[PDB]
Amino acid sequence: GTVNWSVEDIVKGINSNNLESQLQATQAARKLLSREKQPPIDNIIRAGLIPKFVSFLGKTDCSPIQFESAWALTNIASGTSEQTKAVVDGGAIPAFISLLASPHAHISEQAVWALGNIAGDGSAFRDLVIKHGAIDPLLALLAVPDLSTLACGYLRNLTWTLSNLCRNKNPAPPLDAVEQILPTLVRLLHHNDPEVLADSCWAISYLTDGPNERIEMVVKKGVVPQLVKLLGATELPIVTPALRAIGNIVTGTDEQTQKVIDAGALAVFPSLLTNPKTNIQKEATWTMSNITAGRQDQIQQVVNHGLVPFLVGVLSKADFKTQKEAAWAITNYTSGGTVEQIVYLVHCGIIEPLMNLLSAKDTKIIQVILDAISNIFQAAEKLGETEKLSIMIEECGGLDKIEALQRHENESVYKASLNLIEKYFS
């Protein structure tokens, strides 16, 4: 019937003066654009069909052609930026926003999806969707006493589209749009559907990826406990955005960071720092490095939760990028920590794996490790045990590594190594 039409036949049907012929041709276009292999998006664009599809969005008396054209345009807009731009350039944004209020749920849903693809292109189209007024009608679809009364797929698409309105930087979404969206988003973050939770978490991760004022807007809504609960979820697609969001929040102020600690986040990090997914381990170690850059009482809570042995483990064995985050966590710890916290780090076995990382062909980590070594030596100096540390570094083969760093191709690396071997190993 409408399966596997040629673009030429689609054009012929859409150019008829016959709404039903246009309907079958639009469905045939939709099916072409919905096939799994290589949808002919560019051929459909070059055929000049986008303006007609956009006009079909307005045919209230033929809801089927509204649906079919919304779907066709959704999938054109799923393509490259040039292809999305063709849909926008055809006037699709206001037509899709008007379909959000359609009495037909499948049509409103298709318009939700289309606007998500447009917004997902990047900041400009995101902001253009916002300027055309998409937020009010989108949130009105979710203004129900219980989200569970909405169709699962409808709710997931609404959540994914809202997430794209939260996504991307340079610029971040308009502050007023974020504030308008957040109460609904927090409600989605408590919904029981794993895909809704994942995309809600992603939205929160995007909103917290920025200056402390953006972080504060989110934290003020009280989402941190729910993020920490989701941080302990079994579904990796939920842990990943929940961890990203928690990680973003701890890049903010000590108060914002303390909110994460008080919600119980640190109790989940034994699992996160040993998580078999490398990206989780990395992001968790990155989050830890930003926590160990906090207050001494925050470092202390890291100690109290038993996480220093987990940092020693990551430093001892992990993907190199995770190990680099762990090196940063140690340098931050030793720069801000008390002497008692720093010695505790040594008793946990940090020296050997830290020295072993000096044999890496990466200059940044080398400088980070040398800074940590210096901080630990300064702590030992304050205790008079400087020599004992020197021995330990020598026994593990570290002295040789620092001596070799003298002959490195970086000034700070050479100068740092020379200063250590002169101040402590002479």
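Position 1 is the first residue in the sequence shown; the rest follow in order.
Peer 1: Averaged over C-alpha atoms, is the B-factor higher for 335-343 or for 150-158 in this PDB entry?
Peer 2: Stretch with the greater average CA B-factor: 335-343.
Peer 1: Going by the average Cα B-factor in the PDB entry, point out whether 318-326 or 177-185 comes out higher.
Peer 2: Result of the comparison: 318-326.
Peer 1: If you check the C-alpha B-factor for each of 64, 58, 51, 397 in the entry, which is highest?
Peer 2: If I rank 64, 58, 51, 397 by C-alpha B-factor, first place goes to 397.
Peer 1: By the CA temperature factor listed in this entry, which of these ranks top: 70, 45, 29, 357?
Peer 2: Of 70, 45, 29, 357, 357 has the highest C-alpha B-factor.
Peer 1: Using the temperature factors of the C-alpha atoms in this entry, rank residue 234 within its chain: lowest, middle or highest third.
Peer 2: Tercile = highest for this residue's CA B-factor.
Peer 1: Within this chain's modelled residues, let me know which third the CA B factor of residue 22 belongs to: lowest, middle or highest.
Peer 2: It falls in the bottom third of the chain.
Peer 1: In terms of the chain's CA B-factor thirds, is residue 294 lowest, middle or highest?
Peer 2: Answer is highest: the recorded C-alpha B-factor places it there.
Peer 1: Using the temperature factors of the C-alpha atoms in this entry, rank residue 192 within its chain: lowest, middle or highest third.
Peer 2: As the PDB entry reports it, the C-alpha B-factor of residue 192 lands in the highest third of its chain.
Peer 1: Should residue 200 be placed in the lowest, middle or highest third of its chain by the C-alpha B factor in the entry?
Peer 2: It falls in the bottom third of the chain.
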